[PDB]
Every structure is written in structure tokens, then in C-alpha cells.
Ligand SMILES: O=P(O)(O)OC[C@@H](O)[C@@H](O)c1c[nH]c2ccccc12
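One chain is shown next in C-alpha cells, namely the form deposited without the ligand.
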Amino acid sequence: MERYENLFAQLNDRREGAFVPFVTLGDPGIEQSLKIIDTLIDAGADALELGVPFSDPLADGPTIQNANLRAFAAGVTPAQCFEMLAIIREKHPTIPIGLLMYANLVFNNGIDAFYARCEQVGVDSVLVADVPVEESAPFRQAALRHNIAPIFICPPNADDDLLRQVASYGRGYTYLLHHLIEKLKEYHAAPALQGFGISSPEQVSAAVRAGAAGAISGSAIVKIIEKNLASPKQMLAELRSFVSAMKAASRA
């Protein structure tokens, strides 16, 4: 499929930036998570970045660490995550869906089998948090064979060689964590989405203004979940409110 390509094309025709929220699948429960995800979509999320709970998320901060704790407390497994993914896609045919995975869960029962499963449920991309470009070959290859976009993080200091590799290896979008944006475009990298720290509407407008195709809210969404655990209803209401504001900030 070409969901990311189709999405960015449309956002461009509207001089619009993309807003992509991240949430942990199954947090705080499978049922509430499916409701949380439908609310993010209804509120205007252009794409989704979904995490699969992993025992040792050595690339995540406290907020996400706790999201996983909550998901595991609910008994969430990768298998259930893939069942949720199928349900999500069945309800929303065009929104791009990207997974944020840890290498072991992809490698566990065969890298190829994992991407084949991603393709089957309708996932569009996979960012493997602990697989640098240097170790990415088998992952990138399996992804491409299964029409899955392999996504890479372009770190702050990314030297030229890295910029070139990320531009050459990535698809869908480049996870950006001016010159950086110019070089990525110069090397024809997948559209860059600004991540990290994106937690306010003004940051979304600033990212698009800097040249990025959009912004990813890596943890602001999870915080809202964590704060309203007491009232599921208020949780969704606040999620809807935040995403609405964030997305609106991306418009021209």
C-alpha cells in the first residue's frame, strides 16, 4: 500500500502538516486502548505510531515505561496487539499505522514472519527502536519485501553519512529527533516528522515552519492517559481536546 505517500500528498495539497500521536497498545486495557485510538483518529490524528509493550524498553523514558507497566498489568501480549491492529485497520482503511518496536519482538520468531504479520494486519511502517542503521539490513529487507516502510530516527547530531543512510534506507517518513531538514530533502529522504518534546500546539506549527512535514507527539498523549486513569470518560474527552488542538496547529 501507499498510505503514507497518499497522506503526505493530501496534506501537501492542503499546505498542511501531519500530526501523529503515539500511544502504547493495550494501555490501560485493550478495550480502553481501542477507544483511546478511535478518539485520537476522530480528533484529527493524521497517522498513528503504536507501541507494543516490551519488558525492557531501554530506549524509552518514564512515561512510556509506565505505559508498558499498565499494559502488562492488563495482560497485553504482542499477539493481542496484532489482534487490536487488525480491528483498528478494519475500522480505518486509510490512516497510516506505524509500529514502534523493540528488536527482540521483531526477531523473536523470525524477522520475515514479523513483517509478514504486519502486512497481514495492515500496518504501514515499523520503527525498531534499538536497531541503528548499521544493524538494520535484515529488518529493512524484510520490511520492503512485505510492503512495510522501515522508519529510522535521525538523531540531533546525525553526521552527513548518517543523513545519507537514513535518507536511503527509510520510507514512509523520517523520524526527526533547518540544515538537518534541508539535507534530508536534499538526499530525497522520506518526509521528516519532528519528534521529541512535541507537546504543545505551537511546537506543531514551529515544526512545519522549519520545513518538517509534521510532528509526532512521542509521549504527551500517554501523559494524558496516565493522568485520567481514574475516569476513562474524562480521559477520552481530554485526549480529543489535545489532539484537536495539535492537529489544528498543523493547518495553513
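Numbering starts at 1 and runs along the sequence shown.
What comes next is about the form deposited with the ligand bound, which is not displayed.
- Take the ligand as it sits in the bound PDB entry, overlay the site C-alphas onto this chain, and 3 or more of its atoms land within 2.4 Å of the backbone or a C-beta, so the site here is blocked.
- Of the residues given (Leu100, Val106, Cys81, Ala149), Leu100 alone sits with a heavy atom within 4.5 Å of the ligand in the bound PDB entry.
- Taking the partner from the other structure, the ligand in the bound PDB entry has no heavy atom within 4.5 Å of any heavy atom of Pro28.
- Interface residue remark: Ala129 is counted as part of the site for the ligand in the bound PDB entry, having a heavy atom within 4.5 Å.
- Of the heavy atoms in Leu184, none are within 4.5 Å of the ligand in the bound PDB entry.
- When the ligand is considered in the bound PDB entry, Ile64 lines it closely, a heavy atom lying within 4.5 Å.
- Residues of 183-214 lying near the ligand in the bound PDB entry, listed in sequence order, are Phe196, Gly197, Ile198, the criterion being any heavy atom within 4.5 Å.
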